[PDB]
Amino acid sequence: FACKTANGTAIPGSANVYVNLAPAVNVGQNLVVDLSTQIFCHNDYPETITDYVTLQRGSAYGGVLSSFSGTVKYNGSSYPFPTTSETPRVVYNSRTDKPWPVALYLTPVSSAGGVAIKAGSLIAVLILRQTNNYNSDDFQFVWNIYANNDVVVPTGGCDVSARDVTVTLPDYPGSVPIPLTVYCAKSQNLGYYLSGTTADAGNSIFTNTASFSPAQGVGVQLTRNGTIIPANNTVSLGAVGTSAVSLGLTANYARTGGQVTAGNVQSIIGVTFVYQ
Amino acid sequence: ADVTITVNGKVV
């Protein structure tokens with residue numbers, strides 16, 4: 001019995017297994033990683049020995065994800081995660097590589113929140129039990145699952161087209177649309193609000209916080225269909241489903257008072273989603 | 001915030 005990654009690299013106590021993730025919202029649970037495309041095992045003596053592999057209780061997330069509960073799909077069936085009991089067995093009865101049919105999910109706890117996971121960091125500590133139908137061999141070992149690429153795991157029922165958006169305005173004056181859409185695994189009554197450092201009493205102009213050679217007299221103002229969106233004011237999108245819906249935002253310049261002088265302009269504006 | 005928008009501009 002032996003296992004390898006999607007890279008073909010053999011999985012060796014404990015082993016560090018690096019996998020690629022494509023996290024995503026599903027209905028009622030969010031995918032963290034589908035390990036069935038990442039981990040493959042086989043049987044070295046299938047004509048005389050059948051191998052069995054289970055997921056032992058105590059298997060759980062690690063790193064930034066250790067705070068979240070969810071589920072594990074093991075060989076087509078769902079179990080609480082962290083696991084509280086041993087799963088049924090997967091059988092390996094062939095020399096040909098077969099997937100380790102495991103997918104790790106997260107219970108949605110936000111509207112459209114996300115947790116950044118960087119490459120090289122631990123996402124899960126999995127405990128396996130290996131037996132056979134031939135002798136009394138019964139051993140446990142640990143697989144530490146590491147991310148092999150930078151991702152963001154969605155923690156909500158909805159997800160965005162991008163977590164970090166950089167837009168460039170034309171030289172003053174001028175406007176640029178902000179590319180940003182949202183969708184939900186199932187239909188949700190969804191809204192959003194802006195936050196950031198504002199310059200005016202009406203909280204309608206985000207301050208020019210450019211560090212190097214900043215301009216004077218101007219800030220950034222966002223509109224939606226020609227209407228000013230002030231900070232901390234919920235924009236309703238109505239019911240949002242699986243079809244991507246634009247937030248409908250456009251960036252503009254706006255005068256903050258006094259003489260307008262040459263220099264750089266920058267504003268960092270947060271978007272936060274809420275259920276309505 | 002769930003998304004961070006950085007808006008860059010220039011006055012010439």
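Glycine gets a Cβ as well: all are built from the backbone with ideal geometry, and neighbour counts include every protein chain shown. No lab work stands behind these numbers, since they all come straight from the coordinates.
The mean number of partner chain beta-carbon atoms within 10 angstrom of a residue's beta-carbon across peptide A:243-256 is 1.
Arranged from fewest to most other beta-carbon atoms within 10 Å of their beta carbon, A:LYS4, B:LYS10 become A:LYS4, B:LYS10. For a straight C-alpha distance cut-off of 27 angstrom, the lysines reachable from A:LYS73 (same-chain residues fewer than eight places away being disregarded) are A:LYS4, A:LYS98, A:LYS118, A:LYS186. For the pair A:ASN232 and A:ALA22 in one chain, pulling the backbone fully straight at 0.36 nm per residue adds 72.4 nm over the alpha carbon distance. Going from the fewest other Cβ atoms within 10 Å to the most, the residues A:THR71, A:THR48, A:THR107 appear in the order A:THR48, A:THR107, A:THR71.
When the chymotrypsin sites (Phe, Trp or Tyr not before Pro) in segment A:45-149 are filtered for DSSP coil states and for at most 15 other beta-carbon atoms within 10 Å of their beta-carbon, the remaining sites are A:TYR134. Counting, for every residue in A:266-274, the Cβ atoms of other protein chains within 10 Å of its Cβ and taking the mean gives 4. Loop-located chymotrypsin sites (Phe, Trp or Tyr not before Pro) in segment A:180-276 (DSSP state other than H, G, I, E, B) with a sparse environment of at most 15 neighbouring Cβ atoms within 10 Å: A:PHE212.
In this calculation the C-beta distance from A:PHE1 to A:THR166 is compared with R0 = 45 Å, giving a FRET efficiency of 0.40. Pairwise Cα distances in the protein assembly as shown exceed 27 Å for 53 percent of all pairs.
Measuring nothing but how far apart in sequence close Cα pairs (under 8 Å, 6+ apart) lie, relative to its length, segment A:50-169 scores a relative contact order of 31 percent. What the Cα convex hull of segment A:155-276 gives, in volume per residue, is 104 Å³. Given a Förster radius of 35 Å and the C-beta distance between A:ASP137 and A:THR84 as r, what FRET efficiency does 1/(1 + (r/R0)^6) yield to the nearest 0.05? It comes to 0.85.
Given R0 = 30 Å, the distance between the Cβ atoms of A:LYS98 and A:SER121 translates into a calculated FRET efficiency of 0.60.
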